[PDB]
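Each chain, written out:
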Amino acid sequence: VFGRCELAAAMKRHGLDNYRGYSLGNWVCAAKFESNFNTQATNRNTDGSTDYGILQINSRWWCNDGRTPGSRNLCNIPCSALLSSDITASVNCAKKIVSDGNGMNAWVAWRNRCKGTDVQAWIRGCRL
Amino acid sequence: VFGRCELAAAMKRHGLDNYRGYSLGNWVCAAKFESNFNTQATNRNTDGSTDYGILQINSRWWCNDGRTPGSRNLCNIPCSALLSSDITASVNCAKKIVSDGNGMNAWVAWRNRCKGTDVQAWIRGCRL
Amino acid sequence: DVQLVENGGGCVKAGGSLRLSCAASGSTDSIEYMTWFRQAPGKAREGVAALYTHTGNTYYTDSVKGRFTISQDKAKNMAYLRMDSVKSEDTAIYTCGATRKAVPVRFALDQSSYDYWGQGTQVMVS
Amino acid sequence: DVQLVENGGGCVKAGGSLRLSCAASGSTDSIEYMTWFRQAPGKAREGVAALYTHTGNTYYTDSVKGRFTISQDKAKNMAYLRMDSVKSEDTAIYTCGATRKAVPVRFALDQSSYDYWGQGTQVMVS
């Protein structure tokens, strides 16, 4: 399980900082409420698609697992890469997801908890 | 080939006389223009139905041949009975056909030639 | 070989008079039955007012009993269905079906018996 | 689990203003997109005006660009499509599709992407 402050630092290093006009707190909160700081967590869906990565990237539109119908693989990154022990693939596909046009509203957890909330509290005290 | 006057006499015996307010001339004319006085004659149709009997009764609605789709078999009489050397089955099913409600107009031959014509000329001189 | 073309229809006020007109061409001599089938949204096609070209006997569904009148002309091979006391339920697409054969009375309103269909015409009730 | 019911429609002559109303029931929280698809006769279903419930961004097909307006209310879970300058080609059956997953913008007009649909409401022009 990734550390919260360490996860924020890694995301800042990756270049996700101030992406689409969103502070690091937004990303930290989204990851925390999506996979509880776990890149190895995966969740099924009724349509058959499976979420992958720390940010829970859905395979039907983002990553090609080969086991979901209508895999549009928009991030064209294998779901295994998101499942990897590093967060590089997760952030790389999340940049495209947020750049889609609707911002971070795509991620359900971000809307539920990280939207219109003191997201800065998540990164507070992380000496970043 | 059935005789004209003998067929008229047999039809009168069977009880078809004055059926649905139609003189024997109408029926004799209709049979002659339908099967040329042949109970064994059969004619195919584009839909797959086959006419049977001297009056050319259609199998799709009257006789169940087992070869025509959607056989209603309203007469419920086998097509072989109409094909028999006797005319009893043909007249028995024609009674139901004419009694359907539309009279003798259902048969194409009757409307083409037997309708609004001197049908009495067909039976004239048969000593019945 | 008869191809069926519909005419009329369109927007009409509740209780108004609408004259749906249908025509036949080609080998129209074989034409036997002319019937209107309404393909209402979310509902399967169903007969409305069966008609016989020669005898002229008119058969109607219980829903349209005493309201719609169907008549045709032998020389103009055209059959038109007048509409009156229209309601919301009448709103549907009417198809001018036809047959080249003498269908029984009980199946006069059954589409499967028929062999010829035309282009669906829209009918609206306000 | 969202069930879509369409409202409005009916008769409007060319140039008239007509409002189509759509509503959501059940688990309306999962709703992400709301789009109208026109099933014109002889033509396959196609998107008309996509929408995002939260952001509110509107995406329109080239044909209906600058004519139709789509908006929604978050407290009522309903989205309506105002139409103006309607023409003959606008005649069709409009379906208020819906989805429970965040579809991409380029696929916002894709019928296959959406996971819910409602009963077809007709739109006709005099």
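How each quantity is defined
Residues numbered from 1 in each chain as written, not as in the entry; some residues may be left out. Chains lettered and ligands numbered in written order. Heavy atoms only, no water. Residues with missing side-chain atoms left out of burial classes, pairs and counts. Disulfide = S-S within 2.5 Å. UniProt positions renumbered as here; feature names shortened; annotations may be inferred. Helix = DSSP H or I, 4+ residues; strand = E, 2+ residues; numbered from the N terminus. Buried < 20%, exposed > 50% of the residue type's maximum accessible area, 1.4 Å probe, protein only. Contact = heavy atoms within 4.5 Å. Buried area = accessible area lost by both parts, 1.4 Å probe. Salt bridge = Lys/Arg side-chain N within 4 Å of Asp/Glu carboxyl O. Polar contact = N/O pair within 3.5 Å; in protein donor to acceptor, adjacent residues only side chain to side chain. Nonpolar A, V, L, I, M, F, W, Y, C, P; charged D, E, K, R; others polar.

- This entry lists cryo-EM as its structure determination method and reports a resolution of 3.53 Å.

Notes on the UniProt feature "disulfide bond" in chain A
Residue and element names in this part refer to chain A.
Okay, step 1: UniProt's annotated cystine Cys 5-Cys 126 is reproduced in these coordinates, with an S-S distance of 2.0 Å, under 2.5 Å. Residue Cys 5 is found in helix 1 (residues 4-14), and its partner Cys 126 is found in the segment after helix 6 (120-123); the two are separated by 121 residues along the sequence.
Okay, step 2: Taking the relative accessible area as the measure of exposure, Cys 5 reaches 23% and is therefore partly exposed.
Okay, step 3: For the UniProt disulfide linking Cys 29 with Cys 114, the SG atoms sit 2.0 Å apart, under 2.5 Å and consistent with a formed bond. Of this pair, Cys 29 sits in helix 2 (residues 24-35) while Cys 114 is found in helix 5 (residues 108-114), placing the two residues 85 residues apart along the sequence.

Focus on the interface of chain C and chain D
Okay, step 1: Contact residues are listed per partner, giving 6 residues for chain C and 6 residues for chain D.
Okay, step 2: The contact between chain C and chain D buries some 540 Å² in all, and 80% of this surface belongs to carbon and sulfur atoms.
Okay, step 3: The largest contributions to the chain C side of the interface with chain D come from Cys 11, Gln 122 and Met 124 of chain C, which together make up 73% of the buried area.
Okay, step 4: Along the contact surface separating chain C from chain D lie 0 salt bridges.
Okay, step 5: Counting the contacts that link chain C with chain D gives 0 residue pairs in polar contact.
Okay, step 6: Its residues assigned to classes, the side of chain C that touches chain D comprises 3 nonpolar, 3 polar and no charged.

Observations concerning the environment of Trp 122 of chain B
All names here are of chain B.
Okay, step 1: Looking at the element boundaries, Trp 122 is found in helix 6 (residues 120-123).
Okay, step 2: Residues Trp 122 and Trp 62 lie 60 residues apart in sequence; the distance between their C-alpha atoms is 27 Å.
Okay, step 3: Setting aside residues up to four positions removed in sequence, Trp 122 forms contacts with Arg 4, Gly 25, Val 28, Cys 29, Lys 32 and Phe 33.

Topic: the state of the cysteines
A disulfide bridge is the covalent bond that connects two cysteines by way of their sulfur atoms.
Residue and element names in this part refer to chain A.
Okay, step 1: The tally for this structure, following the rule as stated, stands at 11 disulfides over all chains.
Okay, step 2: For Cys 29, the disulfide goes to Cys 114, at an S-S distance of 2.0 Å. Where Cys 29 bonds to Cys 114 through sulfur, the torsion about that S-S bond is close to -85°, and the disulfide is left-handed.
Okay, step 3: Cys 29 gets classed as buried once you look at its relative accessible area, which sits at 2%.
Okay, step 4: The exposure class of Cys 114 is buried, given its relative accessible area of 1%.
Okay, step 5: Each disulfide in chain A links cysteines that, numbered along the sequence, combine into the pattern 1-8, 2-7, 3-5, 4-6.

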